[PDB]
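To start, the structure under review is shown below, and the notes come after it.
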Amino acid sequence: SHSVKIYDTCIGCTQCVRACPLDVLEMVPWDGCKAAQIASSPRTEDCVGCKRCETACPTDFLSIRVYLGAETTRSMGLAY
Amino acid sequence: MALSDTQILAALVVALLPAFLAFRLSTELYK
Amino acid sequence: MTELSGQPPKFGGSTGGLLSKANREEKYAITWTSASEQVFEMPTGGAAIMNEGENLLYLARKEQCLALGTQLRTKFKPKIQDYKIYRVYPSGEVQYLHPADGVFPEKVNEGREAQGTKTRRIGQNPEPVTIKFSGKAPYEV
Amino acid sequence: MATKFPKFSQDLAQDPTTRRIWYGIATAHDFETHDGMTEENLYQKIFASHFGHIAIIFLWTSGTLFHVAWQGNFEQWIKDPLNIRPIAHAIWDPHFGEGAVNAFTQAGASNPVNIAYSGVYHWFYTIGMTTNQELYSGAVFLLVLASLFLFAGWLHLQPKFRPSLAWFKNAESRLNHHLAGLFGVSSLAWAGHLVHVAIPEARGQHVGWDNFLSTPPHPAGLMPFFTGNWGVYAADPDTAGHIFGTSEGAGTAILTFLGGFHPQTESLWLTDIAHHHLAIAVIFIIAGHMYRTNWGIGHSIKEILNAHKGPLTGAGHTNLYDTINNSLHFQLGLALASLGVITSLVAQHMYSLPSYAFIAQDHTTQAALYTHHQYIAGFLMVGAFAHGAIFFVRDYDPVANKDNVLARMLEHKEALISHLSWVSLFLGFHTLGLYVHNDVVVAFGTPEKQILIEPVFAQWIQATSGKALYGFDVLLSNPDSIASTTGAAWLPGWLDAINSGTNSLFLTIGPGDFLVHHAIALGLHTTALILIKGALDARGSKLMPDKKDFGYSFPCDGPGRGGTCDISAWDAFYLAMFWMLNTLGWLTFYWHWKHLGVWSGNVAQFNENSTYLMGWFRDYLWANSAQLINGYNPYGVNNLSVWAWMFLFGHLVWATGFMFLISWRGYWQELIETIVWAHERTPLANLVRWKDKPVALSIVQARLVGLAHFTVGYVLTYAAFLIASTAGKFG
Amino acid sequence: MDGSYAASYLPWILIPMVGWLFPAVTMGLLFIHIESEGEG
Amino acid sequence: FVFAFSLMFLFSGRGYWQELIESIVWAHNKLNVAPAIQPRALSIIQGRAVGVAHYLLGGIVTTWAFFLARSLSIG
Amino acid sequence: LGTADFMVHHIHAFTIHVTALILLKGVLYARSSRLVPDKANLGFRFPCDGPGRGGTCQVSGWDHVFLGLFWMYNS
Amino acid sequence: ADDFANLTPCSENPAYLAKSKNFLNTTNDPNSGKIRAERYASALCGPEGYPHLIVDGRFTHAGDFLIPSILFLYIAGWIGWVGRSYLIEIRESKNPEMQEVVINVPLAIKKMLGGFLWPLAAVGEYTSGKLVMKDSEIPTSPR
Amino acid sequence: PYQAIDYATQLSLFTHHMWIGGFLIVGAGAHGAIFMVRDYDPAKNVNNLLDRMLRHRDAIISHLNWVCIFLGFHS
Ligand code: CLA
Ligand code: CLA
Ligand code: CLA
Ligand code: CLA
Ligand code: CLA
Ligand code: CLA
Ligand SMILES: CCCCCCCCCCCCCCCC(=O)OC[C@H](CO[C@@H]1O[C@H](CS(=O)(=O)O)[C@@H](O)[C@H](O)[C@H]1O)OC(=O)CCCCCCCCCCCCCCC
Ligand SMILES: CCCCCCCCCCCCCCCC(=O)OC[C@H](COP(=O)(O)OC[C@@H](O)CO)OC(=O)CCCCCCCCCCCCCCC
Ligand SMILES: CC1=C(/C=C/C(C)=C\C=C\C(C)=C/C=C/C=C(C)/C=C/C=C(C)/C=C/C2=C(C)C(=O)CCC2(C)C)C(C)(C)CCC1
Ligand SMILES: CC1=C(/C=C/C(C)=C/C=C/C(C)=C/C=C/C=C(C)/C=C/C=C(C)/C=C/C2=C(C)CCCC2(C)C)C(C)(C)CCC1
Ligand SMILES: CC1=C(C/C=C(\C)CCC[C@H](C)CCC[C@H](C)CCCC(C)C)C(=O)c2ccccc2C1=O
Ligand code: SF4
Ligand code: SF4
Ligand code: SF4
Ligand SMILES: [Ca+2]
Ligand SMILES: [Mg+2]
């Protein structure tokens with residue numbers, strides 16, 4: 001399964017989760033930013049690695065990072 | 001003079017030694 | 001997870017739906033309620049009709065279910081936001097999946113534990129040479 | 001679906017798709033990323049693999065010797081090496097018909113046969129071998145040597161005999177042994193063989209295992225070497241009328257320095273060759289006494305590196321000893337770069353200064369050797385830069401190399417890459433401009449309006465070595481010069497060999513040579529630009545500041561931040577491979593067209609038509625295909641049939657690679673989804689199910705496989721053309 | 001196809017063994033090996 | 001030439017070129033000559049469009065010159 | 001018309017069929033596929049949907065047109 | 001002395017003379033070929049009869065490269081300098097991208113007309129510190 | 001009058017019209033795809049020809065795929 005990490009430059013704009021087509025990420029309470037929220041990746045077993053989240057990120061170089069890893073039926077996006 | 005029938009056959013027999021040694025080396029490197 | 005209920009959408013069939021993986025490995029279910037009998041686009045191709053009331057539909061992947069869910073909540077004049085997505089195993093086990101804690105993941109909800117969080121910047125990952133011959137990568141340490 | 005293979009990566013072995021197999025093949029030799037790999041186990045597995053590889057080399061050489069001795073015509077080809085075609089091995093193919101059987105029953109053989117272009121007959125003959133018995137004995141001995149190395153590799157995997165990491169990192173001792181023993185003692189042994197077998201056997205004196213202990217290579221024994229005067233070993237060198245393999249005009253000398261070419265064999269003098277090997281043996285032995293080991297005297301490389309600082313270079317070479325000795329990729333890059341340099345050197349020297357008897361007259365083998373070695377050198381250079389990039393990705397420590405030369409190179413990488421880009425643009429614009437100007441000016445019927453730049457620099461250089469054609473009269477070309485008035489024993493022979501337009505020694509050059517040299521400069525600079533920019537940005541750029549976290553090779557970083565295809569340093573290697581092939585194409589086209597003109601006595605064709613690109617297109621490529629493409633015909637078949645078939649085969653493989661290069665993955669994965677559906681729903685075929693899920697090739701895999709096809713087609717197409725054209729004209 | 005070289009009966013059977021038997025056998029062994037669902 | 005030129009665009013990807021452009025933009029900033037309209041590598045779609053346009057142009061022009069020379073030189 | 005004409009007519013049928021395959025697949029899967037069930041939201045012209053799912057480059061209808069151009073040129 | 005022996009003056013070269021009696025007319029002037037023959041009979045020809053240019057730097061062949069080199073360099077420095085100057089001048093105009101896309105014809109012509117003094121202008125900008133920038137003030141990527 | 005004897009005109013006109021036709025056909029593929037992405041309304045295509053085409057796209061394309069493989073092998 002791919003790895004998804006969220007670093008402390010997160011502004012909590014929620015576009016991470018809004019872009020995910022597989023519900024890997026969540027908005028969880030935090031205190032580092034004004035929005036009092038941060039992105040989390042509790043369900044990376046369903047991640048396919050399309051990179052939509054990072055495409056949505058505004059911070060100067062991403063606060064969310066997807067590193068493709070061990071390929072499974074789910075991560076390869078297989079319907080068969 | 002040309003090469004002999006026996007020299008060709010003796011070549012394969014001798015080559016049996018590096019074949020066995022290559023088998024051993026390959027199987028050891030698999031570990 | 002008790003027993004999934006809901007009528008299947010009115011649909012004439014297609015070649016784009018479930019394959020062997022559904023029975024050998026895993027399949028996915030999405031339920032939702034509709035205030036009216038109305039047309040929607042199948043993620044597997046073509047048009048189908050959702051029933052007034054509860055609806056239950058089986059798809060091959062989680063992504064197809066979430067695509068149908070976005071279509072339901074963003075492409076109907078009164079939105080459809082009550083959809084639920086489950087994972088289904090051949091043993092019969094049903095695993096509720098989405099929305100995970102009854103609240104859509106885009107908005108904060110109390111009780112969620114941060115996963116995959118790092119207390120540093122991306123630029124503050126360690127040099128790979130410092131972690132070589134280990135099993136980790138700079139983002140895993 | 002638990003799946004063992006590959007046992008070194010659980011990530012791959014858990015992949016349920018066909019990818020698992022492909023990647024299993026593609027990552028087996030990347031020991032560093034195997035599950036549980038340590039540094040010591042790494043060095044040890046690499047040691048055993050080295051032993052196995054050396055054994056493979058010895059077995060390949062055994063096969064060459066054995067097939068020449070079995071199915072060849074070595075002894076016949078000795079009788080008349082200028083009119084008999086040397087034989088590689090026998091053909092056995094049940095697909096053949098009568099036409100091909102007759103066409104390949106050649107070179108005087110009674111069965112189908114292939115003509116050897118490896119130059120191996122000339123080598124074995126100049127060595128001193130004259131019978132199939134000696135070749136067979138050498139082949140069997142190499143069988144035994146390969147066995148020895150296979151056993152050594154196996155033995156050094158056993159617990160007691162596994163060398164330690166400190167032993168692998170003992171750089172000073174290994175350098176002493178490789179300079180003194182591997183280089184020096186071996187060169188001394190080859191000087192001894194030449195003096196004992198090659199030189200006598202060239203004079204009708206059979207010297208073998210059964211008499212070499214009793215027949216001195218010189219009438220005066222070793223005492224002249226032990227007492228004082230060595231001029232006796234220069235004795236009476238072989239006269240200008242020496243007939244190779246006979247006593248006619250033969251002498252007794254063993255070490256000479258008369259330079260030039262043996263008049264009959266048109267190659268370097270054997271005595272000069274043995275003397276060279278002896279001298280460089282002494283020098284390498286002395287070199288192997290520089291670094292300390294176990295006796296206090298000697299040098300510490302760490303000290304020498306830490307002692308070469310600089311007022312304008314910061315920390316100099318400090319800590320480069322550990323930087324190099326801890327990175328197998330740094331050392332491998334050094335090795336591949338130096339090896340590619342010396343392989344190109346081999347190529348540029350063996351065609352100009354051949355050392356094997358009657359090989360300068362074998363045009364097909366000479367062309368094939370030059371092309372072969374230059375291609376090998378290009379591959380080596382690309383690999384050296386690839387592994388420099390891999391070093392930066394995996395091994396570079398910025399705090400240990402802080403402010404030293406490595407980090408400082410990294411610190412102005414923008415300037416390096418930018419100026420490489422500038423000189424690339426410079427060369428490209430202006431060389432293409434001159435070529436296209438010449439094309440248009442000749443096309444419109446005014447060939448006198450071309451821009452024909454005389455290559456005065458290289459001509460002046462040739463003049464510095466005696467070449468009096470251009471009339472510069474500088475240094476060696478000037479008899480009044482002090483470089484000529486030295487009394488050197490090599491000057492007369494060197495001048496006679498360089499002032500005769502009958503060899504390849506400093507071939508005459510004109511404007512075509514100028515233009516193609518600037519094309520070569522463009523190709524070298526562009527390939528270096530791709531490789532260096534990949535290496536320096538391997539750790540990061542503004543598009544990917546964290547690229548080092550992702551590894552040397554990876555598909556991309558997605559359509560975000562503008563799009564990031566071919567963003568990795570592996571991708572830079574892949575892109576530079578095309579420019580490597582292009583540069584080699586220009587280089588080898590150059591060599592072959594010029595040597596065709598030279599061998600045929602018509603240098604004017606190249607001199608007059610190389611200045612415009614239609615000249616290459618028509619007089620070189622188009623013309624020299626006529627026999628090649630006629631290897632098989634509606635009217636019959638000849639001995640060039642195999643090369644015509646291989647020519648078309650190389651075209652087909654090249655074009656097939658284009659598919660993997662232009663069409664990308666998603667299109668294929670969706671098509672394969674339709675095919676998967678079809679299989680699951682076809683009765684009878686239903687009975688069968690796949691064990692691995694069929695999926696399209698991966699992004700990186702597509703680049704690799706497309707490049708592999710492209711390169712295979714490139715090499716086979718050009719080899720077919722080169723071989724067939726040169727053997728149809730002169731073979 | 002004939003052979004004046006010594007032991008020219010060797011290619012007669014060696015060509016089918018190197019072209020048919022060795023490839024088929026080795027591909028079969030490798031197919032079985034890379035599909036073995038042991039442990040990992 | 002146009003056919004060969006198209007292969008650069010078809011066989012590569014924009015990330016490499018964006019980094020090369022980064023180095024060249026550094027060169028420009030060094031002499032205070034960088035443009036306000038920042039240079040970007042072509043988009044992925046545009047790389048493909050340029051590649052295929054040049055592939056078709058070069059190949060078709062080649063066949064056109066060939067056909068016209070032939071059919072005009074054959075009575 | 002003889003053997004060579006037979007063979008080249010079947011070459012024509014083959015290349016036309018491949019061009020049709022590419023463009024018809026482009027149209028029929030422009031909305032969705034098993035790989036990418038929301039392709040319609042991505043548009044007609046777009047480069048891919050990332051290196052995930054094994055890699056999704058050239059799934060768009062535009063990219064099918066891009067490939068069909070080469071195959072039409074071949075035909 | 002006997003330098004460039006591989007070549008001969010085109011007036012000496014007989015192949016050049018034979019081919020120059022047949023030099024085609026490049027324009028409408030029926031003497032263009034004859035003028036070309038007379039003009040090129042001054043260079044150094046090769047055995048094939050075409051002129052060869054000597055660019056090693058000797059002033060006897062200064063017209064083969066040195067003079068066109070000087071001319072090109074003057075013109076190219078002119079173009080680059082006036083372009084860079086206009087590019088600098090746009091930056092103080094709030095929206096410089098628009099004037100990069102929609103050219104300020106009067107300003108650009110003012111800049112172009114003042115380019116004949118670009119060597120002295122570049123020397124002055126070098127001494128004044130306007131031409132080159134400092135490293136620590138230029139954006140760079142991670143190392 | 002006199003076009004057939006002018007083999008250059010004959011070849012040129014044939015090939016020119018060929019290329020124009022091929023480009024127009026590929027464009028037809030392009031705009032079928034654009035229709036699918038931008039104008040197709042599933043509520044206006046319930047169990048009609050277009051809908052059923054979408055609903056067995058897999059059969060259509062797998063068979064066209066196989067026909068192309070067969071035609072390539074046997075040409
Ligand atoms: C005198 C002692 C000695 C000698 C004989 C060697 C010999 C060798 N060692 Mg070793 N080594 C030694 C001591 C020694 N070692 C010690 C003390 C250490 C510990 C410090 C090491 C540790 C060590 C390691 C870790 C490794 C080696 C390896 C090797 C092999 C290098 C590969 C090779 O075969 O290329 C042979 C090269 C030459 C014969 C000369 C180089 C080529 C010249 C420069 C150019 C070409 C020559 C000529 C122009 C071309 C001829 C063309 C021909 C066709 C006509 C080699 C045979 C490597 C290996 O392969 O392991 C098996 C390896 O991994 N050594
Ligand atoms: C002695 C020299 C040497 C050494 C030991 C290494 C060692 C290594 N290299 Mg390196 N490299 C070298 C030379 C070398 N390389 C050269 C010359 C090049 C330029 C081509 C490269 C470019 C390079 C790159 C870009 C990469 C490596 C990688 C690696 C590592 C993984 C190897 C692997 O598993 O690949 C697997 C091996 C293969 C897939 C072999 C397939 C190619 C075959 C031999 C060609 C097939 C020909 C075909 C059958 C034609 C038949 C003809 C017929 C039909 C007529 C490994 C540590 C990889 C790595 O791990 O990065 C860290 C990596 O990505 N190398
Ligand atoms: C004939 C084929 C071809 C051509 C012309 C080029 C061109 C170029 N490549 Mg490329 N390349 C090719 C094939 C080709 N490539 C292939 C197959 C690959 C493998 C994918 C690559 C991969 C590659 C890489 C990775 C890199 C290059 C680089 C370069 C540039 C090198 C510098 C130079 O030569 O300056 C001069 C330029 C030229 C000679 C080409 C332009 C010629 C035209 C006619 C100039 C005139 C302008 C023209 C009038 C414009 C008006 C058009 C109008 C009619 C519409 C150059 C622009 C390197 C680079 O960017 O250097 C900085 C670089 O990094 N190439
Ligand atoms: C790498 C060396 C090499 C190569 C390339 C060849 C090549 C060839 N051989 Mg030969 N052979 C060799 C060594 C070699 N030989 C040696 C040393 C011997 C003496 C034992 C023989 C004895 C032999 C016989 C009796 C015959 C051939 C024949 C042939 C031809 C068909 C192959 C075959 O059917 O025979 C199979 C070959 C063997 C049974 C001998 C084993 C080969 C060596 C000892 C092992 C090589 C292993 C290799 C290095 C591993 C590389 C793996 C790598 C890809 C990773 C072929 C052109 C046939 C022929 O005459 O053609 C018409 C034939 O009948 N060979
Ligand atoms: C009556 C026919 C027709 C009509 C009117 C349209 C209409 C349209 N098409 Mg379509 N199409 C057609 C035929 C047609 N097309 C053909 C024949 C093809 C096959 C090539 C396509 C393939 C196609 C694609 C792939 C796309 C369109 C797109 C579009 C839309 C944008 C137009 C555009 O790109 O703007 C501006 C036009 C240009 C920038 C063209 C410049 C580049 C050309 C190709 C250079 C040509 C070179 C020249 C002919 C020869 C060399 C000269 C040179 C040396 C100087 C537009 C509504 C786009 C879209 O998004 O649709 C919504 C798009 O993605 N079409
Ligand atoms: C000459 C180069 C080449 C070749 C060989 C192919 C091959 C193929 N392409 Mg392709 N393509 C190419 C260039 C090439 N392409 C390029 C440059 C592009 C970029 C635009 C594309 C893009 C492209 C697309 C988008 C598609 C194809 C499709 C196809 C397949 C068509 C079906 C078919 O022909 O079945 C039969 C196969 C052949 C005729 C290949 C030759 C087989 C030989 C004659 C027999 C084999 C002998 C035997 C097996 C040898 C075994 C040796 C032993 C040691 C194992 C086919 C396998 C289409 C497809 O997949 O259709 C289903 C498809 O959609 N191509
Ligand atoms: C041109 C001629 C060149 C010189 C002549 C060399 C030829 C003679 C080679 C003799 C080989 C005999 C094979 C049969 C014995 C065998 O396999 O033992 C294998 C065992 C390994 O046991 C292993 O022991 C392992 C455990 S442990 O490591 O012992 O703890 C255990 O796991 C494993 O099962 C067990 O096998 O090896 C030994 O323990 C000793 C090996 C003896 C080899 C002598 C070689 C002579 C040196 C000459 C060359 C030196 C050059 C070095 C510098 C360049
Ligand atoms: C035609 C071929 C030449 C083109 C190559 C590419 C263009 C070169 C332009 C690069 C300018 C480099 C600026 C240096 C920046 C600089 O000044 O660094 C500072 C340095 C002063 O520090 P030191 O000399 O004390 O450092 C030397 C070490 O002891 C300390 O690390 O000056 C030099 O090194 C002068 C040598 C420059 C080396 C030039 C590179 C080319 C060398 C070619 C090979 C020489 C012969 C080798 C024989 C073994
Ligand atoms: C006791 C001793 C001495 C006496 C030594 C005597 C009495 C003999 C010494 C022989 C020696 C020391 C070396 C002989 C080496 C021969 C070698 C090493 C052969 C190497 C061949 C190789 C490596 C491969 C060759 C190949 C083959 C097989 C081919 O057939 C084709 C070419 C090629 C592929 C190259 C003296 C008193 C002097 C000094 C004191 C010690
Ligand atoms: C990336 C990288 C890298 C790199 C790599 C490479 C690939 C390199 C190279 C390079 C090269 C490839 C170089 C070349 C060179 C050369 C030289 C250095 C030369 C010398 C010279 C001289 C000086 C000579 C002289 C002479 C003459 C001319 C003649 C007569 C004699 C005499 C001697 C006088 C490394 C890994 C390291 C690190 C990391 C990164
Ligand atoms: C070279 C290259 C580039 C770099 C190419 C660039 C940046 C384009 C440079 C174009 C210049 C600026 C314009 C020159 C061409 C003009 C359109 C012609 C106009 C001529 C008139 C003035 C007469 C990419 O961006 C790229 C992206 C994706 C895949 C492959 C590639 C690729 O191969
Ligand atoms: S991942 Fe980035 S873009 Fe997405 S919500 Fe977090 S900070 Fe915002
Ligand atoms: S890579 Fe794709 S699937 Fe994974 S978290 Fe990001 S948007 Fe979701
Ligand atoms: S390589 Fe493919 S997946 Fe990756 S960015 Fe490019 S088009 Fe997209
Ligand atoms: Ca002898
Ligand atoms: Mg030599």
Side-chain angles (χ1 to χ4, degrees), chain D residues 348 352 423 426-427 430-431 433-435 437-438 441 447-481 483-484 495 498-499 501 504-522 524-525 586-587 590-591 594 597-598 603-604 606-612, chain H residues 1-13 15-16 40-73:
Chain D
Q348 297 277 10
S352 55
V423 56
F426 201 21
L427 288 163
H430 302 63
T431 307
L434 293 188
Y435 270 104
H437 159 76
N438 298 340
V441 121
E448 69 279 2
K449 284 202 302 178
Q450 294 176 104
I451 299 177
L452 309 179
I453 305 303
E454 190 74 12
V456 188
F457 304 159
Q459 288 174 347
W460 184 89
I461 288 191
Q462 292 185 1
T464 57
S465 303
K467 188 84 172 291
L469 178 54
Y470 316 111
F472 288 114
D473 286 331
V474 168
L475 298 172
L476 241 44
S477 47
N478 180 27
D480 299 324
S481 176
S484 39
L495 294 189
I498 198 187
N499 285 318
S504 292
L505 176 53
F506 283 107
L507 285 162
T508 306
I509 48 175
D513 310 82
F514 172 92
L515 281 175
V516 66
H517 277 69
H518 286 65
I520 284 164
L522 168 68
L524 298 191
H525 291 80
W586 292 350
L587 176 181
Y590 177 26
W591 193 101
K594 201 190 184 69
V598 167
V603 306
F606 173 89
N607 297 341
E608 299 174 10
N609 300 276
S610 59
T611 62
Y612 56 102
Chain H
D2 318 320
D3 203 336
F4 293 148
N6 73 313
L7 305 181
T8 45
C10 297
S11 46
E12 257 84 320
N13 190 291
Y16 170 82
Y40 291 174
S42 167
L44 292 180
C45 276
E48 77 292 355
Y50 304 150
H52 288 198
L53 298 189
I54 289 83
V55 305
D56 61 355
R58 68 189 63 198
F59 292 94
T60 64
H61 294 73
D64 290 336
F65 183 76
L66 206 149
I67 295 172
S69 70
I70 288 297
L71 192 44
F72 165 83
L73 283 181

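First the proteins, then the strands, lettered A, B, ... as listed; each starts at 1.
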Under 3.5 Å: donor-acceptor pair, side chain of D:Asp473, backbone of H:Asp2: no
Pairwise side-chain contact, D:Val516 with D:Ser610, heavy-atom cut-off 4.5 Å (strictly under): no
Backbone of D:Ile509 reached by a side-chain donor or acceptor of D:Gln459 within 3.5 Å: yes
Heavy-atom check, side chain of D:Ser477 versus side chain of D:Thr464, under 4.5 Å: no
For the student: nearest non-hydrogen atoms of H:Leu53 and H:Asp64, plus distance: CD2-OD1, 3.3 Å
Set of residues satisfying side-chain hydrogen bond (donor to acceptor under 3.5 Å, both in side chains) with respect to D:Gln462, sequence neighbours excluded: D:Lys467, D:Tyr470
For the student: nearest non-hydrogen atoms of H:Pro68 and H:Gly63, plus distance: CD-O, 3.9 Å
Closest non-hydrogen atom pair between H:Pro47 and H:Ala15, with its separation: O-CB, 3.9 Å
Exam field: side chain D:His437 to backbone D:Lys449, donor-acceptor pair closer than 3.5 Å: yes
side-chain contact (heavy atoms from CB on, under 4.5 Å) assessment of H:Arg58 paired with H:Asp3: CA-CA 12 Å; H:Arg58 68 189 63 198; H:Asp3 203 336; 3.8 Å; yes
H:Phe4 CZ: over 12 foreign heavy atoms closer than 6.0 Å: yes
Note, D:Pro511 side chain near D:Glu454 side chain (heavy atom, < 4.5 Å): yes
For D:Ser465 against D:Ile498, the heavy-atom pair lying closest together: O-CD1, 3.2 Å
Student check: side-chain heavy atoms of D:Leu434 and D:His518 closer than 4.5 Å: no
Short side-chain to backbone donor-acceptor contact, D:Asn438 and D:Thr611, under 3.5 Å: yes
D:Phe606-D:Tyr590 aromatic ring centre distance below 6.0 Å: yes
Test item: D:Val456 and D:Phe472 side chains (from C-beta on) under 4.5 Å apart, heavy atoms: yes
Minimal non-hydrogen separation, D:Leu507 against D:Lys594, with atom names: CB-CE, 4.0 Å
Worked verdict on H:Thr8 versus H:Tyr16 for side-chain contact (heavy atoms from CB on, under 4.5 Å): CA-CA 10 Å; H:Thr8 45; H:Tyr16 170 82; over 6 Å; no
D:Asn499 side chain to D:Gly466 backbone, donor-acceptor under 3.5 Å: yes
Any side-chain heavy-atom pair of H:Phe65 and D:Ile453 under 4.5 Å: no
Parallel, tilted or perpendicular: ring planes of D:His430 versus D:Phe426, cut at 30 and 60 degrees: perpendicular
Considering all heavy atoms, the nearest D:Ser484-D:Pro479 contact: OG-O, 3.3 Å
